[PDB]
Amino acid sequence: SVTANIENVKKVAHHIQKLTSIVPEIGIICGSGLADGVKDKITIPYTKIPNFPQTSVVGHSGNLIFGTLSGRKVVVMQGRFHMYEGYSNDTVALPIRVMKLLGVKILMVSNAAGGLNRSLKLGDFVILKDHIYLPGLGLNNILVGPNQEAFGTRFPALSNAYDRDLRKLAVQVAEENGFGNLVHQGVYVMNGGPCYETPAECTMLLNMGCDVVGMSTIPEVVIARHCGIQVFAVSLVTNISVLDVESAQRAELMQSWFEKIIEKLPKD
């Protein structure tokens, strides 16, 4: 890993700009579980980008996808970097800082999560309105280390981290497209991973006021807000958390939802 400072980020941004003329205004991290629908698209493999972080192979590398979507210029990250895999703070931060320099103003991110809130059902959508960053509370915050002042301040507040206006809009779109009944808003808590929670851990997290639980996202969100990118994030409830020791389907819908949100985003 190398440092996500202005110098290195500039270098990566410029290489990318030589491969495409698209200036992205919206960044999309897709998680669980569209990229096609993107029109006039060019695909850049991470492997073709000097110093861009590399992904988990098996046989297949990640891609950066530029193009348009609902008439908006977007860049899509296909292939994420998760802390449980062992990646450094700098590795996880760089792609987000590269988006900033490329022009990105809004980050949209989806993930899969377990449902703690007892009123949640399988397949529900839970818009993040706040989070609890357990690793960050415990000295593994993605921002630990010298601050890169070119991107943001030493002590960031996370006041309106999940932009309330984007949340309102997303609810409105779901409502008028007839699935407002699947959509909730709640608190996402990050478990460092890679283990699923024990029933005791789930019970503790619920009593902590958490609604859903996952292993991702918060580090990106922290980096995004740090450099002034607006954030929208949703969890797909892919399972109901088990609280007692004694104890691809929604993809099309989710894609359509993001597509219809982007179409209504206020454009400068």
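Just count from 1 along the sequence shown to find any residue number.
S.K.: Would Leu64 be found without coordinates in at least a third of the other compared entries?
M.R.: No, none of the compared structures omit it.
S.K.: Quick one: classify how much of the deposited chain lacks coordinates between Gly209 and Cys210, choosing none, 1 to 3, 4 to 9, or 10 or more.
M.R.: Gap between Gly209 and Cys210: none.
S.K.: Between residues given as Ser247 and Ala248, how many of the deposited sequence are not built: none, 1 to 3, 4 to 9, or 10 or more?
M.R.: Gap between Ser247 and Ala248: 10 or more unmodelled residues.
S.K.: Mean Cα B factor from the PDB record: higher for 53-61, or higher for 233-241?
M.R.: It is 53-61.
S.K.: Can you tell me which stretch has the higher mean Cα B-factor, 173-181 or 112-120?
M.R.: Result: 173-181.
S.K.: Between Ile223, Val213, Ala35, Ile29, which one tops the list for Cα B-factor in this entry?
M.R.: Spelled out: the listed residue with the top C-alpha B-factor is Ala35.
S.K.: Per the entry's Cα B factor values, which of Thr198, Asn141, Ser159, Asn147 stands out as the maximum?
M.R.: Within the set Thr198, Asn141, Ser159, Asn147, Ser159 shows the top C-alpha B-factor.
S.K.: Ranking the modelled residues of this chain by C-alpha B-factor as given in the entry, is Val9 in the lowest, middle or highest third?
M.R.: Answer is middle: the recorded C-alpha B-factor places it there.
S.K.: Going by what the PDB entry lists, where does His131 fall on CA B-factor within its chain: lowest, middle or highest third?
M.R.: Lowest third - that is where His131 ends up once the chain's C-alpha B-factors are sorted.
S.K.: Using the temperature factors of the C-alpha atoms in this entry, rank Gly86 within its chain: lowest, middle or highest third.
M.R.: For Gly86, the deposited C-alpha B-factor lands in the middle third.
S.K.: Taking the values exactly as deposited, rank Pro219 by C-alpha B-factor within its chain and report the matching third: lowest, middle or highest.
M.R.: Bottom third by C-alpha B-factor.
S.K.: Taking the entry's C-alpha B-factors for this chain, is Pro95 in the lowest, middle or highest third?
M.R.: Middle third by C-alpha B-factor.
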